[PDB]
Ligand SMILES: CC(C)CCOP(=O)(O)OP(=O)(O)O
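Okay, here we've got a single chain as C-alpha cells, the form deposited without isopentyl pyrophosphate (IPR), with questions on binding and movement later.
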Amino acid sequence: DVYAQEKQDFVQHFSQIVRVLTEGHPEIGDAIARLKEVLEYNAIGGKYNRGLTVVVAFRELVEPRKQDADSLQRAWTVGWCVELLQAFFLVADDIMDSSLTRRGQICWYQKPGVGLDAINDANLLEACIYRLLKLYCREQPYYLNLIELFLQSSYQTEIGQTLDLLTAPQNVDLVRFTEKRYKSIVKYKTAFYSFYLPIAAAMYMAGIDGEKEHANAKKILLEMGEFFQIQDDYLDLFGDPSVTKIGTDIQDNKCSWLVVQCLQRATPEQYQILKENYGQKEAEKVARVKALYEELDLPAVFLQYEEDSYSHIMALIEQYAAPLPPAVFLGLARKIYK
C-alpha cells in the first residue's frame, strides 16, 4: 500500500509528461501528434511497479523536510522515465518476437497503419527519457549520473536481448538452454533495468552516489530480479490466470527456468521426448511437457529454490543494505511477489 498510496499522483503526472513532450516549432506538429499517440498507447496500462519504485525509494531516502514540491515533480518524472525505458524495450521486443498482444491489447506494431514504423516509435520513446531528464533535472547535481544510468541500462538490456535471440532462434535447439546462460539472460535483459535502475535513480537523486553503495544495492537487487523472473516462469505454467495473463511459454519455445531445470535432471530418453513436444502449436503436446515437468518434481525443486532464495536475499539485505533503510528492498520484494 506504500505503492498504492503513491500510485494516484504518479499516473496523474502522466498528463503533464505528455504536455511538456508536445509543448514553437509548428512544422513538426504532425510528428508530435504521432508521438502523443505512441506515449498514450504504450506507456499506459501496466502496473507501473518500476516507475513507482523510484518514487517510493525517493520518499524513503530523503529527509522529509527536503521533499519540496519540485523534488516530487522530479521523482515522478524519473519514475516516468523508467516506464518510458520499458515501453521502448517492449514495443521493439514485440516486433522481434512477432507477438500479437501485450496487456490483452493488440501490440502497437500490429495496429493497422503502424507495422514496422513502430521501430522509429520505440526509438522516440527512448528519446523522450533524455528530453525529460533535461527539462526537469539539467540543473541538478545528479543529472549526469542519471543520464549515464539510463544509457547503461539500455546497453545492458540490449546485450541481454542479444543473448536471448542467440539462445532461442525463432530454429530452437535445447542444447543452448543452460542454467549459466539462463542466469545471464535474466541478469542483463530484465534484472538491471527492472530492479537496479529504479532504486539507483532514487539513490542518485538523494545524493547517494558512491560506487560501493551502488555496488551493494546492485548485489541485492540483481538477486531479487533473478528470483522474480524464475517466479514468473513457474507461474506461467503452474499458476492460475487469476493469480497471474495466460501461459504460452511452452508452445513459444522459450528458454524458461522450467525447461532449463528439466534438462539438467533427465535420462537420455527424456530429452528425446521434450525434443518431440517442446514448441508445438498442438495442445496434446503442450500437456505432455507439463506432465513431464510434474514427473520431475519441478514444483519441489522450485520450492527448494524459493527457500534458499528468500534466505540469501534476507542475508544480503542484512549485510549490504546499510546505509540504505532495509524497507527499500523489503518493500519492493513484498510488492513484486505474486
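Counting begins at 1, following the sequence as shown.
According to the entry, the deposited sequence has 1 to 3 residues without coordinates between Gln170 and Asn171.
Counting the unmodelled positions of the deposited sequence between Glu23 and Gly24 gives a small gap of 1 to 3 residues. The PDB entry records a higher mean C-alpha B factor for 61 to 69 than for its counterpart among 61 to 69 and 34 to 42. Between 127 to 135 and 205 to 213, the higher mean Cα B-factor belongs to 205 to 213. Across the residues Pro241, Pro198, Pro141, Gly225, the deposited record lists the maximum Cα B factor for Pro241. When the modelled residues of the chain are ordered by C-alpha B-factor, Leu100 sits in the middle third.
In the PDB entry, a CA B factor belonging to the middle third of its chain's modelled residues is recorded for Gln229.
Per-chain ranking of the deposited C-alpha B factor places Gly29 in the middle third. In the PDB entry, a CA B factor belonging to the highest third of its chain's modelled residues is recorded for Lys275. Ranked by Cα temperature factor within the chain, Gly247 sits in the highest third according to the deposited record.
The protein also exists as the form deposited with isopentyl pyrophosphate (IPR) bound; that form is not presented, and the subsequent description refers to it.
Contact with isopentyl pyrophosphate (IPR) in the bound PDB entry, defined as a heavy atom within 4.5 Å, holds for exactly one of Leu90, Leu174, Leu132, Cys262, namely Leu90.
Interface residue among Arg103, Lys219, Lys111, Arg181 relative to isopentyl pyrophosphate (IPR) in the bound PDB entry, by the heavy atom within 4.5 Å criterion: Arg103. In the bound PDB entry, at least one heavy atom of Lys47 sits within 4.5 Å of a heavy atom of isopentyl pyrophosphate (IPR). Isopentyl pyrophosphate (IPR) is not drawn, but in the bound PDB entry it has no heavy atom within 4.5 Å of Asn145. Not displayed here, isopentyl pyrophosphate (IPR) is approached by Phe228 to within 4.5 Å at the level of heavy atoms in the bound PDB entry. Under a 4.5 angstroms non-hydrogen atom cutoff, isopentyl pyrophosphate (IPR) in the bound PDB entry has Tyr193 among its neighbouring residues. Exactly one of the stretches 69 to 77, 137 to 145, 264 to 272, 95 to 103 approaches isopentyl pyrophosphate (IPR) in the bound PDB entry with heavy atoms within 4.5 Å, and it is 95 to 103. The hinge separating the two rigid parts that rotate between the shown form and the other one falls at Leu221, chosen from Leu221, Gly79, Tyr193, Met205.
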